[PDB]
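Q: One structure is given below, represented as structure tokens, and several questions about it will come after.
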Amino acid sequence: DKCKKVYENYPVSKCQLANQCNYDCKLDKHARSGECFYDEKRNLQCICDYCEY
């Protein structure tokens with residue numbers, strides 16, 4: 001949804017740990033769960049979600 005925003009900056013490199021995204025997602029865009037997802041590059045991108053997915 002609109003609350004879900006994706007920002008690479010650091011490729012799946014960090015997404016290696018579901019705990020990393022949230023950190024960066026929280027420190028970067030201030031997300032809640034910063035969950036990874038698959039984009040056009042089938043890469044895991046930490047998506048900052050500010051809502052109730």
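In the structure tokens, chains take letters A, B, ... by order of appearance, with residues numbered from 1 within each chain and ligands from 1 in the order shown.
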Run DSSP on the backbone and give me the residues of segment 2-52 of chain A it puts in alpha helix (DSSP H), as an mmCIF file with N, CA, C and O atoms, in the first residue's frame.
A:
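File written: part.cif
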data_model
loop_
_atom_site.group_PDB
_atom_site.id
_atom_site.type_symbol
_atom_site.label_atom_id
_atom_site.label_comp_id
_atom_site.auth_asym_id
_atom_site.auth_seq_id
_atom_site.Cartn_x
_atom_site.Cartn_y
_atom_site.Cartn_z
ATOM 1 N N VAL A 12 20.157 -6.355 -1.198
ATOM 2 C CA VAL A 12 19.805 -7.441 -0.290
ATOM 3 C C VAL A 12 20.967 -7.759 0.643
ATOM 4 O O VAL A 12 20.817 -8.515 1.602
ATOM 5 N N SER A 13 22.126 -7.175 0.356
ATOM 6 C CA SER A 13 23.321 -7.439 1.150
ATOM 7 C C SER A 13 22.975 -7.501 2.633
ATOM 8 O O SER A 13 23.372 -8.431 3.334
ATOM 9 N N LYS A 14 22.231 -6.505 3.104
ATOM 10 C CA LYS A 14 21.839 -6.456 4.508
ATOM 11 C C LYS A 14 20.590 -7.300 4.742
ATOM 12 O O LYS A 14 20.447 -7.938 5.786
ATOM 13 N N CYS A 15 19.691 -7.299 3.764
ATOM 14 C CA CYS A 15 18.435 -8.030 3.895
ATOM 15 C C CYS A 15 18.695 -9.473 4.313
ATOM 16 O O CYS A 15 17.760 -10.232 4.571
ATOM 17 N N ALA A 18 16.506 -10.486 8.572
ATOM 18 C CA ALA A 18 15.228 -9.791 8.684
ATOM 19 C C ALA A 18 15.297 -8.718 9.765
ATOM 20 O O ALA A 18 14.425 -7.853 9.850
ATOM 21 N N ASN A 19 16.338 -8.780 10.588
ATOM 22 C CA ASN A 19 16.504 -7.816 11.670
ATOM 23 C C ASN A 19 17.256 -6.583 11.178
ATOM 24 O O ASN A 19 17.263 -5.544 11.839
ATOM 25 N N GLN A 20 17.889 -6.706 10.015
ATOM 26 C CA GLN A 20 18.670 -5.605 9.463
ATOM 27 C C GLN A 20 17.754 -4.567 8.823
ATOM 28 O O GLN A 20 17.869 -3.371 9.095
ATOM 29 N N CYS A 21 16.846 -5.031 7.971
ATOM 30 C CA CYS A 21 15.926 -4.132 7.285
ATOM 31 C C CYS A 21 15.266 -3.181 8.280
ATOM 32 O O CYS A 21 15.409 -1.963 8.178
ATOM 33 N N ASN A 22 14.545 -3.746 9.242
ATOM 34 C CA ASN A 22 13.867 -2.940 10.250
ATOM 35 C C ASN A 22 14.798 -1.858 10.787
ATOM 36 O O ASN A 22 14.433 -0.684 10.846
ATOM 37 N N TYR A 23 16.002 -2.263 11.179
ATOM 38 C CA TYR A 23 16.985 -1.317 11.695
ATOM 39 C C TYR A 23 17.191 -0.168 10.713
ATOM 40 O O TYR A 23 16.959 0.994 11.046
ATOM 41 N N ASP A 24 17.628 -0.500 9.503
ATOM 42 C CA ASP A 24 17.849 0.512 8.476
ATOM 43 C C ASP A 24 16.541 1.213 8.123
ATOM 44 O O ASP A 24 16.498 2.435 7.988
ATOM 45 N N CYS A 25 15.478 0.430 7.973
ATOM 46 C CA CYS A 25 14.173 0.988 7.632
ATOM 47 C C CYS A 25 13.691 1.933 8.728
ATOM 48 O O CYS A 25 13.024 2.930 8.452
ATOM 49 N N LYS A 26 14.033 1.614 9.973
ATOM 50 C CA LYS A 26 13.627 2.443 11.101
ATOM 51 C C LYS A 26 14.555 3.645 11.244
ATOM 52 O O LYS A 26 14.120 4.737 11.609
ATOM 53 N N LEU A 27 15.835 3.436 10.952
ATOM 54 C CA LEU A 27 16.819 4.506 11.070
ATOM 55 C C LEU A 27 16.829 5.366 9.811
ATOM 56 O O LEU A 27 17.220 6.532 9.848
ATOM 57 N N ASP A 28 16.396 4.782 8.698
ATOM 58 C CA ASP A 28 16.421 5.484 7.419
ATOM 59 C C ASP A 28 15.115 6.240 7.198
ATOM 60 O O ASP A 28 15.108 7.466 7.084
#
Q: Kindly indicate which residue among A:52, A:11, A:17, A:3 lies nearest to residue 38 of chain A, using only C-alpha atoms for the distances.
A: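 Going through A:52, A:11, A:17, A:3 one by one, the smallest distance to residue 38 of chain A is for A:11.
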Q: Near residue 50 of chain A, counting only C-alpha atoms, which residues have an atom at most 9 Å away, once you skip same-chain residues fewer than 4 positions from it, shown as an mmCIF file with C-alpha atoms, in the first residue's frame?
A:
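Output file selection-v3.cif follows:
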data_model
loop_
_atom_site.group_PDB
_atom_site.id
_atom_site.type_symbol
_atom_site.label_atom_id
_atom_site.label_comp_id
_atom_site.auth_asym_id
_atom_site.auth_seq_id
_atom_site.Cartn_x
_atom_site.Cartn_y
_atom_site.Cartn_z
ATOM 1 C CA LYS A 2 0.948 3.680 0.099
ATOM 2 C CA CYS A 3 2.402 3.093 3.562
ATOM 3 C CA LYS A 4 4.772 0.560 2.026
ATOM 4 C CA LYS A 5 7.872 2.277 0.652
ATOM 5 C CA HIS A 30 11.526 5.267 10.361
ATOM 6 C CA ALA A 31 9.496 2.159 9.547
ATOM 7 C CA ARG A 32 7.914 -0.373 11.898
ATOM 8 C CA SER A 33 8.873 -3.804 10.577
ATOM 9 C CA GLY A 34 10.975 -2.868 7.553
#
Q: If you run DSSP over the backbone, which residues in chain A end up strand (DSSP E)? Put them as number ranges by chain.
A: A: 4-6, 35-38, 44-49
Q: Find the distance between atom CA of residue 35 of chain A and atom CA of residue 48 of chain A and write it in Å to one decimal.
A: 6.7 Å
Q: Expressed in Å to a single decimal, how great is the separation between atom CA of residue 41 of chain A and atom CA of residue 53 of chain A?
A: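 Calculated distance between atom CA of residue 41 of chain A and atom CA of residue 53 of chain A is 22.6 Å.
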Q: Taking 3 positions as the minimum chain separation for residues in the same chain, which residues sit within 6 Å of residue 36 of chain A when counting only C-alpha atoms? Answer as a PyMOL selection string.
A: chain A and resi 44-47
